[PDB]
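# Observations on the three-dimensional arrangement
Residue-level listing of the chains:
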Amino acid sequence: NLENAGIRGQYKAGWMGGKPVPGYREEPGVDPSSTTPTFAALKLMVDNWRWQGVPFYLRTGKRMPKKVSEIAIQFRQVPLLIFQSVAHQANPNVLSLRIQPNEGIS
Amino acid sequence: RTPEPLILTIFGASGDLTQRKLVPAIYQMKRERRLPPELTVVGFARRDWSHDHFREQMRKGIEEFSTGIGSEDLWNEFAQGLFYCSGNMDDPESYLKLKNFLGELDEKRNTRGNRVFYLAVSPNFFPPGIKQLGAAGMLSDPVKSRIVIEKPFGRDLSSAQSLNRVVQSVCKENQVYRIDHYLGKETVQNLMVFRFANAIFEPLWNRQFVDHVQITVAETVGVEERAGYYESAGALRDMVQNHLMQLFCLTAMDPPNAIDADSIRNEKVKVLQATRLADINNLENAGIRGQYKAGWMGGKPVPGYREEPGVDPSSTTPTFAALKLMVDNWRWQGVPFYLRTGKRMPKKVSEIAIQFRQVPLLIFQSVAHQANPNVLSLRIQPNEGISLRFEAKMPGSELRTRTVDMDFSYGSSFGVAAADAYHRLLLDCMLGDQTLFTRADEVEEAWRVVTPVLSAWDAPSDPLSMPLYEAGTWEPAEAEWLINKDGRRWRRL
Amino acid sequence: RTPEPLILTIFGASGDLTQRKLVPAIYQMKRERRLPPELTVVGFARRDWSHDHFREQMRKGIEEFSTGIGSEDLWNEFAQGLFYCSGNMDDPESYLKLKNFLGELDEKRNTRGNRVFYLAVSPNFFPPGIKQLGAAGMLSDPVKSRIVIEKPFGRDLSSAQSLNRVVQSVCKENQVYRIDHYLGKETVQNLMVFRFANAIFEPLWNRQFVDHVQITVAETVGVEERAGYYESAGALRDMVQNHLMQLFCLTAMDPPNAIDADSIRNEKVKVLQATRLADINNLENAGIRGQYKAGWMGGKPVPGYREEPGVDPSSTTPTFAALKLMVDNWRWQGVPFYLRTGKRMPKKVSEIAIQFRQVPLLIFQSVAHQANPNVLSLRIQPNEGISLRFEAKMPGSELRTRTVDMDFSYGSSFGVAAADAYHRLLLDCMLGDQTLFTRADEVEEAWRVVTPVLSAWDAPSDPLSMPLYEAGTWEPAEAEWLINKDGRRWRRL
């Protein structure tokens with residue numbers, strides 16, 4: 001069932017920077033009623049002795065709000081929850097690298 | 001090693017089971033020249049007996065329920081030291097007479113002023129006896145006085161708390177010995193020395209590898225001439241509170257920092273403080289009960305529970321009791337435990353099984369597309385030992401894997417066997433250390449853990465709704481559904 | 001799964017040991033339907049043989065050095081594929097004659113074209129033979145021609161490099177089989193399955209639980225025959241590079257991702273690429289020589305090394321070795337690997353002993369105050385199996401530990417061994433699977449590892465500077481000093 005490991009897409013008319021932006025099937029050269037995708041997403045898995053059962057999610061696209069590039073790693077949750085605190089403690093700690101403007105490690 | 005002179009003034013009044021269990025045992029122990037040569041025993045009952053009267057009564061008992069007297073003059077020498085007093089369990093004059101008796105009869109060897117009171121009476125008599133002892137000021141010096149309390153210690157949370165509070169006001173701790181269940185020596189020590197003296201077994205006890213634990217005990221006799229007591233009892237109040245909940249604490253305990261008794265008991269109390277029923281809201285996911293009927297154990301048919309000498313025609317007393325627990329500390333998070341017990345099962349096994357996780361990925365394909373995970377299977381009785389089960393290669397020309405195993409038996413590869421346990425417990429009480437005697441916090445903890453299901457089951461219901469199982473089968477079907485709902489299986493022993 | 005029929009050419013045949021090493025094996029294979037009835041063999045070399053002479057000599061060989069000829073009709077049905085074509089080793093005309101003979105045999109016998117070339121010439125003739133074989137272009141198609149080169153693959157690093165360069169320029173590195181070694185299809189697969197199918201033995205294999213490993217291989221037979229063969233080699237190109245460097249690779253190898261030969265060989269080379277001796281500058285902490293003198297064996301006198309036929313009474317060829325290798329990767333950093341071998345030692349045995357570490361802190365008391373740590377004892381010699389030793393409890397009223405072990409022998413649950421290793425080797429060569437053979441990189445890396453000690457010991461020195469051990473003692477005391485310099489002792493075995 002390929003519908004569980006990938007979704008295509010295409011961008012139509014909208015707004016980018018306060019100025020109207022034409023859709024994909026309007027550009028000077030493209031053929032109306034096309035099928036070439038623009039947004040792609042996947043879900044890969046690794047089968048070895050140290051990455052068993054940890055899914056990887058990939059993404060890309062065009063005409064998104066801003067340029068970035070991230071590699072976000074998310075860690076598990078603590079076993080005991082004595083410090084229940086507030087907001088359901090739904091804030092697991094992550095470690096994110098950056099390969100775009102404002103390079104750094106956070 | 002060698003204890004000190006002492007006076008064993010039994011407070012258990014006049015009975016049959018208590019004397020039959022105690023007097024032959026203490027006589028046998030004294031015969032084996034281990035206690036100090038000179039000792040005294042003081043008799044207390046609710047009747048008038050001549051010295052020769054109960055002397056010959058005890059002589060008849062010991063001759064009937066042992067191998068007789070090893071010597072002839074030694075019998076009279078031992079009997080010189082067995083006296084009987086007069087009194088009751090409520091009269092203040094009774095304790096006054098006992099005090100006079102002791103203060104006059106302690107002249108021989110002075111007994112160094114040490115005394116101990118072994119108590120063996122009907123459970124309802126503990127509060128009056130302890131209150132009378134406390135008001136009378138029998139024991140004041142906390143160096144030579146001890147008090148022993150026998151089973152049962154209670155029946156529910158409130159009674160246990162009340163008894164603990166009452167006994168706390170009279171004297172401090174380090175003097176009460178809540179003897180009842182006996183998980184004898186040469187088992188607890190064996191488990192410690194096997195677990196905390198190797199460097200290849202300790203790093204394999206985490207949520208990382210261990211996936212599943214389960215503990216089982218099983219009997220064969222069922223119900224016997226003790227119907228008078230068992231008529232007001234249950235599996236929950238007979239085994240799950242006294243034996244299984246100590247085996248579980250011993251299995252899941254943290255490594256202690258010293259070999260002293262205080263550290264071990266402290267660790268046991270700490271671990272038995274994060275255990276809870278799996279599904280407290282709905283008892284149908286964490287509890288099943290039963291009652292055996294229409295048996296065929298052995299070569300002859302055996303009658304059912306509701307139809308035998310001494311019964312309640314419409315009763316609901318259980319005899320099988322599963323359970324589920326789930327510790328949630330920093331080390332055993334998300335790992336379930338199962339407890340099972342019952343009566344009238346074929347074999348009398350009592351084991352502990354640990355099932356490890358599967359390998360992260362299967363390079364090698366086994367037979368029938370399935371593999372048997374590794375298992376450590378510490379056995380308790382009979383033939384105590386340790387077993388392991390790993391995987392090897394079938395001698396064929398293809399990558400086909402079977403399961404082999406290795407064994408180890410204590411009896412054959414070490415000595416022959418051991419001795420009785422009651423004498424060991426009495427000697428340990430004599431010496432003055434408390435390694436296996438429970439403290440007064442874990443009793444309350446166990447009662448708190450098992451209270452919800454106890455209250456739910458105690459409410460009377462339809463007598464026709466009790467699940468039943470024929471004597472010979474392992475379990476009723478509901479327990480099978482409980483275990484199978486997740487994807488595991490009872491170990492067919 | 002019987003391989004397809006084909007024709008064999010045996011270069012340098014009709015010599016010595018070729019009959020007893022090939023004819024009985026192929027005869028037994030054919031009798032056991034291992035090959036189709038379309039199998040033929042062809043002789044070679046220069047002496048003027050005869051087809052009837054070939055039949056008579058083969059009959060004599062099978063009668064004398066095998067079970068027998070079985071049924072006469074069986075030999076009649078066999079005797080159609082044994083021809084001969086005399087020719088010089090370095091004669092291109094004889095090579096063209098061989099090609100014409102092969103073509104005629106293909107046309108008549110209808111062998112379908114596929115071929116395997118077997119080489120059994122003296123080891124000082126590989127370059128000319130390979131070059132002249134490649135001159136005529138007998139090896140063009142990929143599955144049509146496989147060439148097997150017998151022991152040994154050179155002596156020093158330079159000779160091996162030259163041979164590799166010569167081989168690389170004639171045929172693709174997919175048909176050359178270097179045979180070599182003797183580890184069959186039992187031990188290798190058994191060890192790999194045991195390591196990579198359990199969920200307990202894997203996490204305890206890195207550098208934070210293991211302390212050191214030892215690998216022992218011992219024999220009791222003397223130099224026996226082949227004095228000329230031994231005098232030119234010594235026990236460093238005979239048993240310490242062929243055999244003893246396979247146990248190391250199999251023991252210290254990272255897990256693979258498949259089963260075919262590619263992944264296994266790649267992992268083996270990757271492991272072998274990051275090893276080195278201990279003290280390269282000073283060769284006194286990383287090597288000891290030896291030589292066996294006169295002694296007692298089996299209650300009978302046995303002469304020393306310098307009394308056999310053909311050995312001059314001044315030779316310095318070793319018959320004992322001892323190294324100390326060390327790995328330098330992310331997993332085995334700082335754990336020595338003591339190796340061993342020898343001759344005339346008693347109790348022929350092989351072993352792989354792994355010794356774990358001690359516990360962080362000790363709270364218990366040892367009987368001998370030694371506290372022997374746990375050991376795994378993988379065995380390869382007869383009585384194969386796995387044995388592990390841990391601690392238990394001394395019966396009595398005291399806390400002491402005593403070392404006891406489990407056991408599991410392959411000879412009880414199994415014992416039906418496979419055929420001769422040579423038969424399986426030949427079958428695998430026919431069908432095609434390079435799992436059990438060696439690539440070029442492995443050979444070059446082993447030679448690079450052993451180069452310094454070999455060069456140092458090859459240089460001439462004082463005739464009486466060889467440390468000496470009599471026949472029967474385990475080793476000269478120098479090896480004992482090498483192992484005791486750090487504290488860990490040689491395994492008593």
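Criteria and thresholds
- Residues numbered from 1 in each chain as written, not as in the entry; some residues may be left out.
- Chains lettered and ligands numbered in written order.
- Part of a larger assembly, values for the part shown.
- Heavy atoms only, no water.
- UniProt positions renumbered as here; feature names shortened; annotations may be inferred.
- Helix = DSSP H or I, 4+ residues; strand = E, 2+ residues; numbered from the N terminus.
- Rg over C-alpha atoms; globule rule 2.2 N^0.38 Å.
- Buried < 20%, exposed > 50% of the residue type's maximum accessible area, 1.4 Å probe, protein only.
- Areas by Shrake-Rupley, 256 points an atom, 1.4 Å probe, with all protein chains shown as cover.
- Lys, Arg positive; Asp, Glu negative; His and termini not counted.
- Charge placed at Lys NZ, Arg CZ, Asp CG, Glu CD.
- Least-squares fit on C-alpha atoms.
- Contact = heavy atoms within 4.5 Å.
- Pairing = 2+ DSSP bridges.
- Buried area = accessible area lost by both parts, 1.4 Å probe.
- Salt bridge = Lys/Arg side-chain N within 4 Å of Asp/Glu carboxyl O.
- Polar contact = N/O pair within 3.5 Å; in protein donor to acceptor, adjacent residues only side chain to side chain.
- Nonpolar A, V, L, I, M, F, W, Y, C, P; charged D, E, K, R; others polar.
- Axes fitted to C-alpha atoms, helices over the stretch in contact; angles between N-to-C directions.
- Parallel < 35°, antiparallel > 145°, perpendicular 65-115°, else oblique.
- Left-handed = near helix turned anticlockwise from the far one by under 90°.
- Patch = residues over 30% accessible without salt bridge, like charges linked within 9 Å, V, L, I, M, F, W, Y side chains within 5 Å.
- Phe/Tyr/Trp six-rings, centres within 6.5 Å; stacked < 30°, edge-to-face > 60°.
- Core = buried A, V, L, I, M, F, W, Y, C linked by side-chain atoms within 4.5 Å.
- Disulfide = S-S within 2.5 Å.

Method of determination, as given in the entry header: cryo-EM; reported resolution: 3.7 Å.

If you look chain B up in the PDB entry, it shows as Glucose-6-phosphate 1-dehydrogenase from Synechocystis sp.. According to the record, the entry carries the title "Glucose-6-phosphate dehydrogenase (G6PDH) in complex with protein OpcA from Synechocystis sp. PCC 6803". Looking at chain B in UniProt, the text filed under Function is "Catalyzes the oxidation of glucose 6-phosphate to 6-phosphogluconolactone." Looking at chain B in UniProt, the text filed under Sequence similarities is "Belongs to the glucose-6-phosphate dehydrogenase family."

By the naming in the PDB entry, chain A is Glucose-6-phosphate 1-dehydrogenase, taken from Synechocystis sp..

Further remarks concern the overall build of chain A. The secondary structure content of chain A amounts to zero helices and seven strands. Listed by position from the N terminus, the elements making up chain A come as β-β-β-β-β-β-β. The C-alpha atoms of chain A give a radius of gyration of 20 Å, which is well past the 13 Å a tight globule of 106 residues would have. Expressed as lengths along the three principal axes of its C-alpha atoms, the size of chain A is roughly 60 × 35 × 30 Å. Looking at chain A as a whole, 11% of its 106 residues are labelled buried. Put simply, chain A shows about 9,500 Å² of open surface, and 58% of that area lies on carbon and sulfur atoms. Put simply, chain A has 13 plus and 7 minus side-chain charges, and the middle of one group is 6 Å from the middle of the other.

Turning our eyes to something else, we now look at the relation of the copies chain C and chain B. When chain C is fitted to chain B, the best match, at an RMSD of 0.9 Å, comes from turning it 180 degrees and sliding it 0.1 Å along the axis. Put plainly, the chains are arranged around a two-fold axis. The residues that chain C uses at the interface reappear at the interface of chain B in 85% of cases, marking a shared surface.

With that out of the way, let us pick up the sheet that holds strand β3 (residues 82-83) of chain C. All names here are of chain C. On the basis of which strands lie adjacent, the open sheet formed by six strands has the order β3-β2-β1-β4-β5-β6 and parallel pairing. Of all strands in the sheet, those bounded by a partner on one side alone are β3 and β6 (176-177). In terms of strand pairing, strand β1 (residues 7-11) meets strand β4 (residues 115-119) through five bridges, oriented parallel. Following the sheet pairing, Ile10 is matched in β4 by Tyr118.

This part takes up unusual backbone geometry. Cis geometry is adopted by the peptide bond preceding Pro152 of chain B, which originates at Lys151 of chain B and carries an omega value of 0 degrees. Note on placement: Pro152 of chain B falls in the loop between β5 (145-149) and α6 (157-170). Positive phi is not limited to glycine here, since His88 of chain A has a value of about 60 degrees. Position of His88 of chain A among the secondary structure elements: in the loop between β5 (70-74) and β6 (94-98). Overall, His88 of chain A belongs to the exposed group, its relative accessible area being 78%. In this model, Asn383 of chain B sits at a positive phi of 60 degrees, which is unusual for a non-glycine residue.

This part takes up the pairing of strand β12 (residues 324-327) of chain C. Residue and element names in this part refer to chain C. Going residue by residue along β12, you find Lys324 and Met326 tucked away on one face and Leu325 and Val327 tucked away on the opposite face as well. As paired elements, strand β8 (residues 275-276) and β12 share two bridges and run antiparallel to each other. By the bridge assignment, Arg276 is partnered in β12 with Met326. Where β12 meets strand β13 (residues 337-338), two bridges bridge the pair, whose relative direction is antiparallel.

Taken together, the contacts link 40 residues of chain C with 40 residues of chain B. Buried area between chain C and chain B, both sides added, is near 4,100 Å², and the carbon and sulfur share of it is 77%. Ranking the residues of chain C by area buried against chain B places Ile200, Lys393 and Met406 of chain C at the top, with a combined share of 15%. In this assembly, chain C and chain B are joined by one salt bridge. Linking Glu186 of chain B and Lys393 of chain C is a salt bridge whose minimum nitrogen-to-oxygen distance equals 3.2 Å. In this structure, the connection of chain C to chain B is made through five residue pairs in polar contact. Of all elements in the fold, only α7 (187-195), β17 (388-393) and β18 (401-405) of chain C reach the threshold of two or more residues within the side of chain C that touches chain B. In terms of residue class, the side of chain C that touches chain B is built from 28 nonpolar, seven polar and five charged.

Let's shift gears to the UniProt feature "active site" in chain B. All names here are of chain B. The residues that UniProt annotates with the feature "active site" are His243. Residue placement: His243 occurs in helix α9 (residues 235-252). Judged by relative accessible area, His243 falls into the partly exposed class, the value being 23%.

Attention now moves to the packing of α6 of chain B against helix α13 (residues 442-458) of chain B. All names here are of chain B. With their axes 9 Å apart at the nearest point, α6 and α13 run at an angle of 165 degrees to one another. Between α6 and α13, the angle is such that the two are roughly antiparallel. As for how α6 packs across α13, the hand of that crossing is left-handed. Packed against α6, whose contacting residues are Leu157, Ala160, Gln161 and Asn164, the element α13 presents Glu444, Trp447 and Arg448 at the interface. Of the residues that constitute the contact of α6 with α13, the class distribution is three nonpolar, two polar and two charged.

Residue and element names in this part refer to chain A. A grouping of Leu42, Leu44, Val46, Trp51, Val54, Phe56 and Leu58 is seen on the molecular surface, where their side chains present a nonpolar patch of about 540 Å² in accessible area. Breaking the nonpolar patch down by element, the ones donating at least two residues are β3 (41-44) and β4 (56-59). Turning to its location among the elements, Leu42 is positioned in strand β3.

With that settled, consider the packing of aromatic side chains. Considering all chains together, one arrives at 37 aromatic pairs over all chains under this definition. Here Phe248 of chain B and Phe337 of chain B contribute two aromatic rings whose centre-to-centre distance is 5.1 Å and whose plane-to-plane angle is 80 degrees, an arrangement assigned as edge-to-face. Pair noted here: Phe248 of chain B is in helix α9 and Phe337 of chain B is in strand β11 (residues 335-342), with a separation of 89 residues, a long-range link. Both residues of the pair, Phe248 of chain B and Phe337 of chain B, belong to the buried class. Ring centres 5.0 Å apart and planes at 35 degrees place the aromatic pair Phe194 of chain C and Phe201 of chain C in the tilted group. For the pair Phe194 of chain C and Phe201 of chain C, a shared accessibility class is recorded, and that class is buried.

In this section: the side chain of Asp238 of chain B. Residues and elements named next belong to chain B. Following the sequence through the fold, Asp238 ends up in helix α9. Relative accessible area serves as the criterion here: at 15%, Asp238 is assigned to the buried category. Excluding residues within four positions of it along the chain, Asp238 makes contact with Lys151 and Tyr230.

This part takes up the nonpolar core. A general tendency of soluble globular proteins is for nonpolar side chains to be buried together. Ranked by internal contacts, the top residues of the largest apolar core, which has 149 residues, are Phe248, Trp332 and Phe337 of chain B together with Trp332, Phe337 and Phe408 of chain C. One finds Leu35, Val148, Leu427 and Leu436 of chain B within the second-largest nonpolar core, a separate group that totals 20 residues.

Another aspect to go through is the state of the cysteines. Residues and elements named next belong to chain B. Going through the model one piece at a time under the given rule, you end up with zero disulfides over all chains. Sulfur of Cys429: no disulfide; nearest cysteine sulfur belongs to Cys171 and is 13 Å away. The exposure class assigned to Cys429 is buried, which follows from its relative accessible area of 9%.

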